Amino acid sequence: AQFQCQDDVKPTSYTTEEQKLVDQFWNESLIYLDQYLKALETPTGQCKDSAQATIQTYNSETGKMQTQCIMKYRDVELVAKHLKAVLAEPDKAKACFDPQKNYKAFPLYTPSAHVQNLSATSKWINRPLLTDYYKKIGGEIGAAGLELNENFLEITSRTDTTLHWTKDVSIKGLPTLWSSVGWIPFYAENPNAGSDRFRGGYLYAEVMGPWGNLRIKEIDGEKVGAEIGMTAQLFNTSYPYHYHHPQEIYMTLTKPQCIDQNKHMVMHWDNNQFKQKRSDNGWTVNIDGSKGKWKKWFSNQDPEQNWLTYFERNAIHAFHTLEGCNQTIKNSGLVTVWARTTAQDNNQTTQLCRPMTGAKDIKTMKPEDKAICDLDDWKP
């Protein structure tokens, strides 16, 4: 196959020592991607040829969860095809691999010195630390960011990969990868992103994709849509209802301490539990989960049964960690393998719904609060 790297991949010369640090990072990236491919393709549940994924946590007609075999989606098949090409010719794919030591697009971080010390690679890359970032921010956002990042290893280690992976893809098994990838406090400065604790208590990182360490633009002329990485969300937070053009996949790593520790919702934009009005080349979607109505929309997540979920384009989704033992645990959260399948077409923006009652209620946003989502049409 012929690999074309993204435009911001600049071939670099490393010393013999540096190359060994790059090589360990690359080797663990390949393990992560091979395991990702196996997680897509290995049959589970009642699916014969690929993994069984949740696609709606509440189907309005059945009143039940709705699933699909994940490789039935052509965009997922294409991710699998591109991962196979990477894994078949890793030396060629490596031309597009960059440790992002001097990455200019935006800041990338390491959670803490403790996490940085997990690998010589992470130490050499020497990203700014999130503990420093949140100490400077201060306030309630900084307090949440300190709680997550000072306890990052404990939070991200409370995982069980033994049922749906054949190697430990967590920070325990791939420490160079998890310590060296660029972590992003995506919501710390976003005033629309819900509570201060959620904003400080949220991170993601990208291993492969247009902003990852592996940045392949095309393989054999096909645009690579795959964007693969990980997310971490602090316990006792609610990620507000949100939506976006790219289809998305979540694989839950966290082993929960109670069945309802980590709840998620995914419902298609036209689900009859919501109210939709056509806008201008889009839809206004009103969500009223008040007075307990939200509860049936949310399902529990765990690394055994409800481990895999696929979000169709513009599907409304949310991740909720306020219930149950979130009121008794500590140093916990929701940690996932995260991916999008079409990262190079349409609008990549992660869009947030907003409170029906206005901006004054953003900081308490949670599933029971009425919300408005302004969806845009995508190009088929």
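Residue numbers run from 1 along the displayed sequence.
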Greater mean Cα temperature factor according to the PDB record, 154-162 or 99-107: 99-107
Out of 120-128 and 233-241, which stretch has the higher average CA B-factor listed in the record? 120-128
Reading the B-factor column for Cα atoms of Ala51, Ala315, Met65, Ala339, the highest value belongs to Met65
Per the PDB entry, maximal CA B factor within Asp220, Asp75, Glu248, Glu206: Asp220
Give the position of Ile31 by CA B-factor within its chain, expressed as the lowest, middle or highest third. lowest
Entry-reported Cα temperature factor of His264, expressed as the chain third it lands in: middle
What third of its chain's C-alpha B-factors does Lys277 belong to: lowest, middle or highest? highest
Rank-wise, by C-alpha B-factor, drop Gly45 into the lowest, middle or highest third of its chain. highest
The third of the chain into which the C-alpha temperature factor of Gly324 falls is the middle
